[PDB]
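Residue numbers (UniProt numbering), protein chains in the order written: chain A, 2 to 82; chain B, 2 to 82; chain C, 2 to 379; chain D, 2 to 379; chain E, 87 to 325; chain F, 87 to 325.
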Amino acid sequence: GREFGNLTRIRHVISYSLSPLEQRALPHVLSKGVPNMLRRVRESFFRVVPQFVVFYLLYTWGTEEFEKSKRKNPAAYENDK
Amino acid sequence: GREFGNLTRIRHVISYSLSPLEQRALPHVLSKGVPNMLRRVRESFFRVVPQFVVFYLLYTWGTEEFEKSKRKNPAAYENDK
Amino acid sequence: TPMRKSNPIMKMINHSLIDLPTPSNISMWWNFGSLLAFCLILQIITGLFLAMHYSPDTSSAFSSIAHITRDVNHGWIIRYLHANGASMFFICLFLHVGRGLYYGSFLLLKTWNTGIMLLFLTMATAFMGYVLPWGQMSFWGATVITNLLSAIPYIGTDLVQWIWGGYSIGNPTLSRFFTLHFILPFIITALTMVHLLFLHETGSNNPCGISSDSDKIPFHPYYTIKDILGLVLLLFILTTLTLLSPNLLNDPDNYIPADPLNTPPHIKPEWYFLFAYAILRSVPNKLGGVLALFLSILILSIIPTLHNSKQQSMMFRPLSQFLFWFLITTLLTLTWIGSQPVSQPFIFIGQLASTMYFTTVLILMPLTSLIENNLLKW
Amino acid sequence: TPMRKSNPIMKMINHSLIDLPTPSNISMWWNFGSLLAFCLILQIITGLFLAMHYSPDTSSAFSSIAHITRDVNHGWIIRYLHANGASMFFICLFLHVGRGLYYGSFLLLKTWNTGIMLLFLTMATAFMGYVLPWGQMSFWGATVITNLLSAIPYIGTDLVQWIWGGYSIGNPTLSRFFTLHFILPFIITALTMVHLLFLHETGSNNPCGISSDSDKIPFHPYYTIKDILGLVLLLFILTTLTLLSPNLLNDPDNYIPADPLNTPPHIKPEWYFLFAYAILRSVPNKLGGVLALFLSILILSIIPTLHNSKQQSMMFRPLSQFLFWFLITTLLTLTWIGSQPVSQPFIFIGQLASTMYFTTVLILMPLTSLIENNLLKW
Amino acid sequence: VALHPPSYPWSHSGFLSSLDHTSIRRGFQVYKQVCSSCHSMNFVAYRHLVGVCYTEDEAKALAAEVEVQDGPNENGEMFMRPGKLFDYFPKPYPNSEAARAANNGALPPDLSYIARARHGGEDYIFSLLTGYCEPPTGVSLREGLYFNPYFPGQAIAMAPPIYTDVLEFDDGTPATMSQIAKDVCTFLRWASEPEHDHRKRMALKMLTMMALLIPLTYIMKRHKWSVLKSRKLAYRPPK
Amino acid sequence: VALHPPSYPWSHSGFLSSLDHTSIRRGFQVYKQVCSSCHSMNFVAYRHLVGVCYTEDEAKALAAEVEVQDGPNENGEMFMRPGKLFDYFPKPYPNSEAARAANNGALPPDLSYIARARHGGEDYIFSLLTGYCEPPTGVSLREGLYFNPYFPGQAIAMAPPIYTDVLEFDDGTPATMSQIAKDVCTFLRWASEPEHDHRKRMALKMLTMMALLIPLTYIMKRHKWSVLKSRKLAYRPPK
Ligand SMILES: CCCCCCCCCCCCCCCCCC(=O)OC[C@H](COP(=O)([O-])OCC(O)COP(=O)([O-])OC[C@@H](COC(=O)CCCCCCCCCCCCCCCCC)OC(=O)CCCCCCCCCCCCCCCCC)OC(=O)CCCCCCCCCCCCCCCCC
Ligand SMILES: CCCCCCCC/C=C/CCCCCCCC(=O)OC[C@H](COP(=O)(O)OCCN)OC(=O)CCCCCCC/C=C/CCCCCCCC
Ligand SMILES: CCCCCCCC/C=C/CCCCCCCC(=O)OC[C@H](COP(=O)(O)OCCN)OC(=O)CCCCCCC/C=C/CCCCCCCC
Ligand SMILES: CCCCCCCC/C=C/CCCCCCCC(=O)OC[C@H](COP(=O)(O)OCCN)OC(=O)CCCCCCC/C=C/CCCCCCCC
Ligand SMILES: CCCCCCCC/C=C/CCCCCCCC(=O)OC[C@H](COP(=O)(O)OCCN)OC(=O)CCCCCCC/C=C/CCCCCCCC
Ligand code: HEC
Ligand code: HEC
Ligand code: HEM
Ligand code: HEM
Ligand code: HEM
Ligand code: HEM
Ligand SMILES: O=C1C(=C2CCC(c3ccc(Cl)cc3)CC2)C(O)=C(O)c2ccccc21
Ligand SMILES: O=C1C(O)=C([C@H]2CC[C@H](c3ccc(Cl)cc3)CC2)C(=O)c2ccccc21
Ligand SMILES: O=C1C(O)=C([C@H]2CC[C@H](c3ccc(Cl)cc3)CC2)C(=O)c2ccccc21
């Protein structure tokens, strides 16, 4: 079936490659890779983060409320006698 | 691979068949089948049977001998005192 | 020809993982299937060893595990490995599902359906292993899960009593749990092979959602070394969890043996289940609760049917992405609610989280897809 | 196309048992493979049920079987079926081997070798099931079979003690027997599938030993109904053995529980093993005895190599046929000798039978084949 | 070596013959009054007698006759109570060392499968029970053994257990040694194999069915294969 | 609800810190002389103390101090003998009903995994042992309960078990309540998890290894993928 002899039909594309032993494995990290990671974080920040911030607010609120609910109310004894 | 389209190369053979509903399932038993079974037994009798007969003789002999070996020998007490 | 292609067994291996054409551009999210397989293998091995010391009897189960962890040479670490491997197995499983939801790989229908089957099987297996120690949590977990079939209106109670083998949970039920837990993993293995057979007829989808037949590379050497790297990382994490912090996920209430007369005040299943538990807790009706429990997972089967987008992947679809991450946070919320007592704030929050989960899968995503289509003018 | 051919799973089924080309002229001797598969399935089912009531502990094994046969509803017949199915399994196995020796089907090398593997696996399985009741015969059978590895000169005793898990046969060994007996049948299943995969690349040999590609018929409907008839017959025999005469093959000495201090005066394994036992009894040296024991089965692997005939089948080769039946009688003789005390007549007869078995396979058949060739003038 | 038992004509030995339940009822009295002094029957309980020779109420009545240990009570101590249907026939000794101490070193076996655990089955046991006699000339017995030709070795620790009028049957049958032996043997047959009668019952049915299915499927096979069985060939080369 | 225990600085809580075996040796004396009156420790035997704080000979000596039931003897009877290495610490009561009868209805738990079976672990137990006090105003206790804020419910059946000079340590350490509590807590830590020290020992090694293997395999990956990472394309139609 699917085999490297007849996958698709292409015309007029040229490629060039070096061998691994001719070139470096980690050529430019701090001059190219770091800024690229930075933009890659920039492009997705506001699509992911705010939902989790909202989750954090909800969690803390619900915890606080549950913990208030367990403390004794002075009006339950002071009001009528 | 092996498929009914290209198994082998044959020329000039004719076949004829009836449908099952046109003919009988057990057409001639006692006039044809019985004698055929008889010859089929005849053609193999002496290639199979004598070996088993020999096995039977060996079995019976060995049994008899083992059973004799367990009976007391009078000369073991009569001979010297 | 090379021997690589001389023979059916060898040629199937070759079409599977030597000369298979893979996309050049798939990312780390595609490593988690091989890690799943690794985890299955680890579980089977460590289980076959444990099996030779465990006792499927209610009067010695607990103490057989004590024996394993105290007297068997390095038995403690084998126990630790089994228990932590299950956790890793589910981590990988969840991430594996989520990928496919994000990148639109559910359009490979056969692979997707066999995946749903596998999810169900793995969950059954994990639960039937969780009750074998016969601690205090194990017992009541068994009880609840086997009472679930009482909700079937006409035949339910009889089904419960036919699974128990008696008037109540007891010795005849533990051997059933153990036989089933023994046999299921191998059915899982066979179905995994079918799963991959279905996959290799089309090949892997990729992050861009467009056809990659102009830039296919062979599986070997590229993805061989890539998956080996992934495995090394998984082993580092697993070892640190096994030796440096073994009690991180552990539950004290399962170090008390079973007592049929007392349920403990605070109930909590294993973490990979909490969310279902929350869903089950959220409906004030028995039958409706169970129905919701099962639909929560069965709903994945109609995602392919509700797909309206012209594009396959969410990579180029921002509104979609926003909704995706909101759904993930709803699931986190259900997990958190599952840990808390059944008290009023958490009751109300859980009900909202459940309604929003189904809402989002069934309504909001389809409609955002239509809006998106209109914005691109088709 | 028809759906029969629309899809890989379906098309594999179709190439396996719908549109497969089979010889028109093969006889009843070709029914015993399907019966073998049936038997495997029967064994797995009845075993999964028994498993849920048995106790792999030396202080309750015996009594768990008593419980099964007295208190479980129809448990007695399930026990009966398991035990008799094993016997049928070996009957079919022996007949299946013998066919191939007679009709020259060992020239399908891959199928033959996978068959030898399967024979070995099935024997292991059967023996490890035979020791689970922990009766008086079971115990000493275990003992002998696990002492066998002491014959390995440098490392043997240590292997024995590492399989025991202690200084002697005991509780830690029974759980090992039970885990292994649980897992092996499924390995057998997988290897059976590989076996048939190898077969379907060439197709079935036939009684005449000449190529049948001029007269192939489809598997369905002809051999479907033929094999169904065979199965009906097997079920009639199995039922009569289970209900009308259950004690025919039964051994009283295994209804006495185990006593580590006394071996009974008269020792006898299960019938399908007697012949090996006889062979093991016939060599006055330990190492030589064990070596002969294993070679008796391993010798099948070089039959393809000793084949000199121009023709494949014995159908047209009478001297050959005579020798074949003499070999079968030697095996009957070994079976009979295995049943008898170790006393002098039987000692001597067994030694002759053993030497004649190996002699016949290794020398007489090759030479008769050469004579035959010369008589036909090639 | 041991003497081979002859075959007695037992009424249950036919292919479809059931057990005689009267003989079971009497054999069970023999096993109460005589044979349950030495021997245990660890795998039988009173609930098993219901529907075989007793009603539920009468089996409860049998149970009630025996004291059984139970507990702990609310104070942490054991006590004794009357028996119930779900209790097992009581043991004669607490442990096998005590059993040996009470029988001069020999251990009486459990009779719950004695009939399936001996060559010859109930033919042997009968032979053993009726078969004691005085020893041959030249033979001697050590301290506390008897002679019995049907035992392997011919020396046996067990003294002759039964004789005429060693008990009385409630149905008025005359209690000669032979009658007692035959009845206890029938009872041991039932104790070793309760599924007997139902098994034969069930054989009739499903064997009839499996016998019926053979010719039908054979006919179907013949129908499908007639196409090939009557085929005719010819060879016609241009020559 | 219950009061949350504070975190004490235990010397074994570091990632690679071992247990203090001196404190184990003293804690074990505390568990002999005091805490093994009510409580069982069913999963520990004397052979387990060898190589931890005792030689084999001295552990045999500890064993020898206790009588243990054994048998049956050759007559079928039970008897009493001195202990051995392979015997388990002895139980205080024969059954839990007897344990309840001796503690006014309450059942003392087994302390073999108490430190792993409670929230807070050894922080809780210490808190519980040191933490008794007189009740608040408005609070009352039924017959035979004490007040303790670190128990869920604040009413507990167990009376304050320890005080200053309730025993004397053989190493001369001053036996103040606090010291006693800390030591018995260390001992319960060891009783719940013997593999502790060896586990940390083994972590150092295999974590170093698995950490080393990451960058190496990453380098190999980068080497194989550089071919694609630097590839250059061009499009040249005849136009
Ligand atoms: C209380 C328990 C009750 C139990 C009841 C059991 C009832 C069972 C009923 C079974 C019914 C089966 C019906 C099947 C129909 C299938 C139709 C079909 O297509 O068949 C094709 C198939 C043949 O296939 P094929 O395509 O021709 O290929 C085969 C060969 O390749 C062909 O090669 P060839 O052509 O060269 O061969 C020719 C010749 C070759 O001939 C030879 O080789 C020569 C033979 C010579 C023999 C001579 C006599 C004996 C030796 C004497 C020698 C002299 C001794 C001298 C001694 C001297 C001492 C001093 O061979 C034959 O013709 C053989 C035909 C006969 C087959 C017999 C099968 C027996 C089955 C037994 C089953 C037992 C288990 C039952 C269950 C028990 C449960 C407890 O069979 C037939 O054609 C025959 C069908 C009819 C068979 C009937 C069998 C009845 C058995 C009844 C047994 C009752 C007693 C049980 C006792 C149990 C004790 C424990
Ligand atoms: C006694 C102590 C132990 C001693 C152990 C010694 C062995 C050490 C390990 C050696 C590993 C094997 C290295 C050599 C392998 C050579 C394989 C070979 O020649 O086959 C290659 C060639 C490749 O196929 P094509 O692609 O078609 O070739 C066409 C080329 N244009 O053939 C094949 O397909 C591969 C065949 C593989 C054969 C492998 C044989 C392995 C033998 C192992 C023996 C071990 C003995 C252990 C004894 C232990 C003590 C009892
Ligand atoms: C022991 C306790 C375990 C608790 C549970 C653990 C599992 C759940 C973990 C939840 C948090 C997962 C965070 C993963 C990192 C997210 C990083 C991120 O936002 O990156 C966005 C970045 C954007 O890339 P692209 O759109 O492709 O375009 C870039 C190329 N130009 O990557 C992505 O968006 C890829 C998203 C892939 C799917 C991720 C799925 C994560 C959650 C899956 C499990 C959730 C539960 C199960 C869900 C399904 C239930 C039916
Ligand atoms: C409520 C009580 C229970 C009621 C049960 C009712 C059902 C009873 C049993 C019915 C069995 C099915 C009979 C009809 C099958 C029709 C199959 C069909 O149409 O497909 C044939 C056609 C053949 O393919 P081609 O060769 O390509 O055709 C080309 C022709 N030139 O399609 C196929 O490939 C086969 C498709 C099979 C579909 C089978 C559907 C089965 C549905 C079963 C429903 C059972 C419901 C049970 C409910 C129980 C109570 C909750
Ligand atoms: C519960 C106890 C079980 C005891 C053991 C049971 C299994 C062993 C049974 C042994 C007896 C088997 C007898 C089978 C019937 C023989 C009939 C016969 O002789 O017929 C000969 C007739 C002649 O036909 P053709 O030469 O093809 O030409 C005719 C066409 N013109 O048929 C044959 O020769 C076919 C022979 C096929 C093989 C038969 C094999 C029988 C024995 C096999 C098992 C033996 C043990 C294992 C052997 C292998 C060990 C490595
Ligand atoms: C105490 C006086 C006994 C009574 C009453 C019965 N039996 Fe017994 N039996 C007793 C002993 C000490 C032995 C051991 C014999 C030996 O040689 O070791 C036995 C043995 C048997 C056996 C075993 C026979 C065999 O071949 O192993 C049987 C079948 C048996 N006894 C049956 C039996 C029956 C039916 C009794 C009631 C009528 C009975 N025994 C009573 C001691 C005593
Ligand atoms: C008899 C006077 C006892 C002595 C001596 C010791 N304990 Fe005990 N303990 C006893 C009882 C009756 C109970 C039951 C308490 C209840 O409310 O049911 C206990 C309980 C404990 C517990 C359980 C704490 C929990 O939260 O469940 C612990 C951890 C405990 N006891 C520890 C302990 C220690 C260290 C002792 C020796 C210093 C000790 N106990 C002695 C009765 C008695
Ligand atoms: C034991 C459980 C599972 C195992 C062992 C397993 C294994 C694998 C493997 C090895 C792959 C190869 C590609 C990859 O790794 O991404 C894969 C792909 C895939 N899996 Fe599974 N899987 C399991 C469960 C699931 C589940 C639960 C689902 C969905 C709910 C699923 C759906 C898919 C899909 C759709 C693909 C192909 C998607 C693509 O290539 O883009 N699988 N699986
Ligand atoms: C997908 C594969 C598997 C999963 C997810 C799984 C999961 C689990 C889990 C969660 C437990 C309980 C852990 C604990 O109590 O700490 C368990 C226990 C157990 N499992 Fe597995 N298991 C798998 C495969 C197997 C296999 C193939 C066997 C074969 C015998 C096996 C045998 C056992 C045994 C004996 C136990 C009890 C021992 C113990 O609790 O430590 N498991 N399993
Ligand atoms: C579990 C054990 C086995 C199973 C389930 C099995 C199954 C089968 C089946 C279904 C067939 C189809 C053709 C037929 O029925 O004759 C077959 C053929 C064959 N079997 Fe096996 N078999 C087993 C063991 C063996 C053994 C032990 C051997 C040899 C020592 C063997 C050698 C062969 C050969 C050579 C063929 C093809 C011969 C021919 O077509 O002429 N098998 N087997
Ligand atoms: C080729 C497949 C199998 C063979 C040949 C086989 C054979 C046997 C044999 C000969 C026995 C002893 C019979 C007796 O003592 O009367 C036995 C017992 C047993 N087998 Fe199987 N067996 C197979 C498959 C299985 C499987 C898959 C299981 C799964 C659990 C299983 C579970 C058991 C159990 C629990 C027993 C002990 C119960 C008893 O002795 O009645 N068996 N087996
Ligand atoms: O990891 C795989 C993979 C497979 C590799 C080999 C694995 C494996 C697991 C266990 C064993 Cl014993 C052997 C191989 C199974 C997964 C497979 O089939 C794909 O198609 C694929 C596509 C894209 C990215 C990764 C993969
Ligand atoms: O009350 C429960 C409970 O409700 C469950 C539940 C959790 C969800 C499970 C579940 C069932 C089906 C699926 Cl598809 C997924 C999860 C079923 C058992 C538990 O696991 C449990 C464990 C221990 C004590 C109590 C309990
Ligand atoms: O003395 C033996 C003995 O020698 C074997 C033997 C029989 C042959 C077996 C065997 C081993 C390997 C193969 Cl490939 C085939 C059979 C091994 C055990 C028994 O099965 C046995 C059972 C019960 C009591 C004693 C004995």
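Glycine included, each C-beta is placed from N, C-alpha and C at the ideal position.
Alpha carbon of residue i to alpha carbon of residue j, nearest angstrom
i, j, result
"D:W77", "F:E160", "39 Å"
"F:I248", "F:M127", "19 Å"
"D:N286", "D:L249", "35 Å"
"F:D269", "D:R177", "42 Å"
"D:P319", "E:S97", "53 Å"
"C:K217", "C:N206", "12 Å"
"E:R186", "E:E229", "15 Å"
"D:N172", "C:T158", "39 Å"
Under 7 Å between C-beta atoms of residue i and residue j
i, j, result
"D:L119", "D:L192", "yes"
"C:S28", "C:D228", "no"
"E:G169", "E:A184", "no"
Enclosing beta strand (DSSP E) for residue i [first to last residue]
i, result
"C:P219", "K217 to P219"
Residue i - containing alpha helix (DSSP H), residue span
i, result
"A:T64", "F46 to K69"
"D:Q137", "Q137 to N148"
"C:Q162", "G157 to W165"
Open item on the list: Can you confirm whether the region 100-115 of chain E touches the region 135-150 of chain E when touching is taken to mean that 3 or more C-beta pairs between the two stretches lie within less than 8 Å?
Closed with: Judged by Cβ distances under 8 Å, the region 135-150 of chain E makes contact with the region 100-115 of chain E, as three or more pairs qualify.
Task: Inter-stretch contact (C-beta, 8 Å, three-pair minimum) for the region 257-270 of chain C and the region 132-150 of chain C - done: yes
Open item on the list: Three Cβ pairs or more, each shorter than 8 Å: is that satisfied between the region 270-281 of chain F and the region 187-207 of chain C?
Closed with: no
Open item on the list: Three Cβ pairs or more, each shorter than 8 Å: is that satisfied between the region 173-181 of chain E and the region 314-323 of chain E?
Closed with: no
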